[PDB]
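Counting neighbours? That spans all protein chains shown, and the Cβs are built from the backbone with ideal geometry, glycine included. No value in this document is a laboratory result; all are computed from the given coordinates.
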Amino acid sequence: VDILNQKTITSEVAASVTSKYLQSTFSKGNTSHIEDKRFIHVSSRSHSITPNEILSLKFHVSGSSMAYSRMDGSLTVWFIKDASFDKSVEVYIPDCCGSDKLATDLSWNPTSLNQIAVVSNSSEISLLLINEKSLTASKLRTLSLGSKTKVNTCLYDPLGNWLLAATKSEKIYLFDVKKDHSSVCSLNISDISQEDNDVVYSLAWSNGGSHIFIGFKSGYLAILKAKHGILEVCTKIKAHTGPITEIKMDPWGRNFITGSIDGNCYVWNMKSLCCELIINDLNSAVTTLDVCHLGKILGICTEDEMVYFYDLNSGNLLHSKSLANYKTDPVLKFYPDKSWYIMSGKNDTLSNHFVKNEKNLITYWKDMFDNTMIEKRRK
Amino acid sequence: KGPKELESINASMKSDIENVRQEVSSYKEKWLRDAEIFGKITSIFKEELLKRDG
Amino acid sequence: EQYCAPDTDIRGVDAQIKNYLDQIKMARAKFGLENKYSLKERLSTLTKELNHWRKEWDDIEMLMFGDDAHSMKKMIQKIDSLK
C-alpha cells in the first residue's frame, strides 16, 4: 500500500528504496571478482604474503575506462564498453613512468577520449596515450619546469581546460591545455598558509572549474581562484583539528564534504560557506570518502576497517558492513554514470565490484512499482 | 537527433579542422627549423661518419 | 496559431504541416550525412598525423637542447678535474 500511495519520489519512499538497493548488492549472484594479475598470483599461493596496496583508482568521465596503480610496479588500464567487468584488459605497463620511481597519481583527460597523465615523484609529468587496437602505451610528451622539486598530485579540470600539479612543500603549478601545455602561473605554498610549515594532503576542483580547494596538515582549508592565469587566495577558514584527509563535491552542486583524522565529517554548503550537517561518526579516522552520482549515498570507510552508508539530505544510516580480518586500506569508488560501486579488498589487496540488473535507483523504484501494481490489478 | 543539435555538432567539427590543420603546420615548420641548423656540423660529421664506416 | 485566428479554412493550414513535416528531415539528412563520414574521416587521419609530428618533434628537440648536447658539456670539466 505504502509503495503505491506516493506516485512521485518523496523524501521517505526514497530512503526506503535505497536501503533495499544496498542490501541486495551484497548478495551472492551480485558480486564478481576482477581477474587481475594479483588475483592470479594470490590464488596460486592460497591454493598451494607480500602486500602491495593500490595508490590511485580513477574512472574516465564517460564511465568506460578504469586505470589504477599498484605500489611497487605497474599501471593497469581496463576497458569496459558495456560488458560488466569481463570484457578486456587492454594494457598494463610494468615500467610506466620510468624504471626508477613509483606512480603516485593519475588523471584522465576529459576532452581527449584516450590519454592519461601519470605523475612520478621526481620532477616530471609524462603524458601518454593508451592504444586501442594493439595493447601498448606510447608517450606523447614530458613536462618540466625550473625550481621543480617533487610533484605528487595532478588533477585535470572537469572541463578539460587546465592541469594542476602540486608539491607538498614548495610550489603549485598551472599548465594550460588548450594552446599548449605551458606554465601559466606558480604560487608558493607559504603565501597560501601563513601559519607554519604545512603539508598539502588533498586537493579538489569545483564543479565549474574556477576554484581550487586545498587541505593542509594544520586543519586549514584554503579556497583560491583560477580565473585565466591569476592564482590568488579568496578565503581561509579553519575547519578541523587535524589533517584534512579527503574533499568531495556534490554532483548537483549544492554542498561539499570534508573528512579528517579525528572522527569528524562535515557537509558544508557552497552558497554561504557554512557547515550544514554533521555526521556523528565517533569511531576512528576517516580514510576514504565518496558520493553517488545522484548525490544521495555517502560512503565512509574508517580505520576500524568498517564501511558505512549514509544519506546526504538527512544524516541517517542505511547500511554497515564490517571487514575486519583483512589488512587493506580499502577503497570505495562509485561509477560515474550508473549506481554501481567497486569496493577494494576481497582477500589481501583486491577489487570486487557490486552489480545489479538495473542501473540506477530510479529504474529500481520504477520496477518495484510496476511489480506491486500487477498484484493490485490482480485483486 | 535534433537539427539544432546536429547544427552544433557539424559546426564544431568544422572549427576543429580549422584548428588541427593550423597546428600541424606549426610542427611542420619547426621540424624544418630544426633541419636548417642541424646541418652546421652534422653534414661535416657525415663526412666523418662514412669514412669511418667505409 | 493559425488554427484559432479567425477567417481561415482548416484544410489550407493542414497542408502547411505537410510542408513543414518534410522540411524537418530535409535538414536532418543534410547534417546527418555530411557529418556521417565526410567530416569523420577528415578528423581520423588528421589526428594521427598531428600526434606523429608532435612525438617525433619531441625527440629532435630532445637531442639539440638536451642530454646529448648537455652531456658533451659535462664531460670536459670531468677531464680537467683529473688533469
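Within 10 Å of each candidate Cβ there may be at most 10 other Cβ atoms; applying that plus a DSSP loop requirement, which trypsin sites (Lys or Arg not before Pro) in segment A:50-153 survive? Walk me through the numbers before you get to the answer.
Values: sites: A:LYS58, A:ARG70, A:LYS81, A:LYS87, A:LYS101, A:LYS133, A:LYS139, A:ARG141, A:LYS148, A:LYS150; in loops: A:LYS81, A:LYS87, A:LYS101, A:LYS133, A:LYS148, A:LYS150.
Taking segment A:50-153 and a limit of 10 other Cβ atoms within 10 Å, the loop trypsin sites (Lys or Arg not before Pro) found are A:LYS81, A:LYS133.
Kirkwood-based Rg over Rh for segment A:183-241 (C-alpha set), two decimals? Show your work: numbers first, answer last.
Details: Rg = 11.3 Å, Rh = 11.9 Å.
Computed over Cα atoms, the ratio is 0.95.
Taking amide hydrogens as modeled 1.01 Å from N in the peptide plane, which residues meet the under 5 Å criterion relative to A:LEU277, leaving out close sequence neighbours?
Answer set, sorted by chain and number: A:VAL267.
With a cut-off of at most 12 other beta carbons within 10 Å, and DSSP calling the residue loop, which GluC sites (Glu not before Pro) in chain C qualify? Please list them. Display every interim value, and only then the final one.
Numbers: sites: C:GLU1, C:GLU34, C:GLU41, C:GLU49, C:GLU56, C:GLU61; in loops: C:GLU1, C:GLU34, C:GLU41, C:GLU56.
The qualifying sites are C:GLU1, C:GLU41, C:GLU56.
Shape call for the protein assembly as shown from the C-alpha gyration tensor, a ≥ b ≥ c root eigenvalues: rounded (a/c under 1.5), prolate (a/b greater than b/c) or oblate?
Numbers: a/c = 1.79, a/b = 1.23, b/c = 1.46.
Because a/c hits 1.5 or more and a/b fails to exceed b/c, the protein assembly as shown counts as oblate.
Can you work out ³J(HN,Hα) from phi for every residue in segment B:11-28, in order, using Karplus 6.51 cos²θ - 1.76 cosθ + 1.60 and θ = phi - 60°, giving whole Hz and x for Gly and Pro?
Computed from phi, the couplings for segment B:11-28 are 7, 6, 6, 5, 6, 6, 5, 6, 9, 7, 5, 6, 8, 5, 6, 6, 7, 6 Hz.
Provide A:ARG45, B:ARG52 in ascending order of the number of other Cβ atoms located within 10 Å of each residue's Cβ, fewest first. Each step should come with its number before you reach the end.
On the way: A:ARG45 10, B:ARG52 7.
Going from sparsest to densest Cβ surroundings: B:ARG52, A:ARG45.
Work through the residues other than A:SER320 whose Cβ is under 14 Å from its Cβ and net out their charges, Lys, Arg +1 and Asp, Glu -1. Can you show the working numbers first?
Working: positive: A:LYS321; negative: A:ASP281, A:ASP304, A:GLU305, A:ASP311.
After counting each charged neighbour, the total is -3.
Can you give me the distance in nm between label points at A:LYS227 and C:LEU43, each placed 7 Å from the Cα along the Cα-to-Cβ direction?
3.3 nm
What is the sum of charges, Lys and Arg at +1 and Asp and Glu at -1, for the other residues whose Cβ falls under 14 Å from the Cβ of A:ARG254? Don't jump to the answer; show the numbers that get you there.
On the way: positive: A:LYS248, A:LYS271, A:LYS296; negative: A:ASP250, A:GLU276, A:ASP311.
That sum, taken over residues with Cβ under 14 Å, equals 0.
May I ask for the net charge around A:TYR364, where only other residues with Cβ less than 10 Å from the Cβ of A:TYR364 are counted and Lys, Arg are +1 while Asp, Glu are -1?
Working: positive: A:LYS20, A:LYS356, A:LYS359, A:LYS366; negative: A:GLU358, A:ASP367.
Once all neighbours under 10 Å are counted, the net charge is +2.
Of A:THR111, A:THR18, A:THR10, how do they rank once you tally other Cβ atoms within 10 Å and put the fewest first? Write out the running numbers ahead of the final one.
On the way: A:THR111 13, A:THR18 22, A:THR10 10.
Placing the least packed residue first, the sequence is A:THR10, A:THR111, A:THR18.
How large is the helix-only mean residue ellipticity at 222 nm for the protein assembly as shown, computed as the sum of -39500 (n - 2.57) over DSSP H runs with n ≥ 4, divided by its residue count, in deg cm²/dmol to the nearest 500? Could the numbers behind the result be given before it?
Working: 13 runs with 127 residues, N = 516.
Here the helix-only value at 222 nm equals -7000 deg cm²/dmol.
Only sites in a loop by DSSP and with at most 12 other Cβ atoms within 10 Å count here; which trypsin sites (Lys or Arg not before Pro) in segment A:246-290 make the cut? Could the numbers behind the result be given before it?
Values: sites: A:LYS248, A:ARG254, A:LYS271; in loops: A:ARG254, A:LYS271.
Answer by residue number: A:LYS271.
Quantify how strongly other chains surround peptide B:11-19 by giving the mean number of their Cβ atoms within 10 Å of each of its Cβ atoms. Kindly include the intermediate steps, with their values, before the conclusion.
Numbers: counts 2, 2, 7, 4, 0, 5, 4, 0, 2.
Mean shielding by partner chains, rounded to a whole number: 3.
How many Å³ per residue does the convex hull of the Cα positions in segment A:197-283 occupy? Walk me through the intermediate numbers first.
Numbers: hull volume 8.3 nm³, N = 87.
Dividing the Cα hull volume of segment A:197-283 by its residues yields 95 Å³.
For the residues A:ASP250, A:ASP86, what sequence is obtained by ranking on other C-beta atoms within 10 Å, fewest first? List each step's numbers first, then the result.
Details: A:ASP250 16, A:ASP86 9.
Starting with the residue having the fewest Cβ neighbours, the order is A:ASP86, A:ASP250.
Mind scanning A:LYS171/A:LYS217; A:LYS296/A:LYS376; A:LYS81/A:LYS346 and naming the pairs with a C-alpha gap bigger than 21 Å? Walk me through the numbers on the way to the answer.
Working: A:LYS171/A:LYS217 16 Å; A:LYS296/A:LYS376 30 Å; A:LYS81/A:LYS346 24 Å.
Table pairs above 21 Å Cα-Cα are A:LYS296/A:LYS376; A:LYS81/A:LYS346.
What pairs in A:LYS58/A:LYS148; A:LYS28/A:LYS87; A:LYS37/C:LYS48 have C-alpha atoms more than 23 Å from each other?
Numbers: A:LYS58/A:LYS148 25 Å; A:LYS28/A:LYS87 21 Å; A:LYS37/C:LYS48 32 Å.
Pairs exceeding 23 Å: A:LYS58/A:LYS148; A:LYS37/C:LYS48.
Output ³J(HN,Hα) for segment A:359-370: one whole-Hz value per residue in order, computed from phi by the Karplus curve 6.51 cos²θ - 1.76 cosθ + 1.60 with θ = phi - 60°, and x for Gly and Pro.
6, 8, 7, 7, 8, 8, 5, 6, 9, 5, 5, 7
Across every pair of different alpha-carbon atoms, what Kirkwood hydrodynamic radius in Å does segment A:10-86 reach?
Numbers: mean 1/r = 0.0638 Å⁻¹.
Radius from the Kirkwood sum: 15.7 Å.
Straight-line reach from C:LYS40: which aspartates and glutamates have a Cα under 13 Å away, not including same-chain ones fewer than 8 places off?
Leaving aside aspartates and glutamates fewer than 8 places away in the same chain, those within reach of C:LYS40 are B:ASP16.
Quick one: how many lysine pairs in chain B have C-alpha atoms under 23 angstrom apart, if they're 8 or more apart or on different chains? Don't skip to the answer; put the middle values down first.
Values: B:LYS1/B:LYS14; B:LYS4/B:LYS14; B:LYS14/B:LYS28; B:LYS28/B:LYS40; B:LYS30/B:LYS40; B:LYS30/B:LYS46; B:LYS40/B:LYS51.
Counting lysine pairs in chain B gives 7.
Could you tell me how many degrees, from 0 to 90 and to the nearest 10, lie between the Cα long axis of helix C:45-55 and the main elongation axis, the longest principal axis, of the Cα atoms of chain C?
Rounded to the nearest ten degrees, it is 20.
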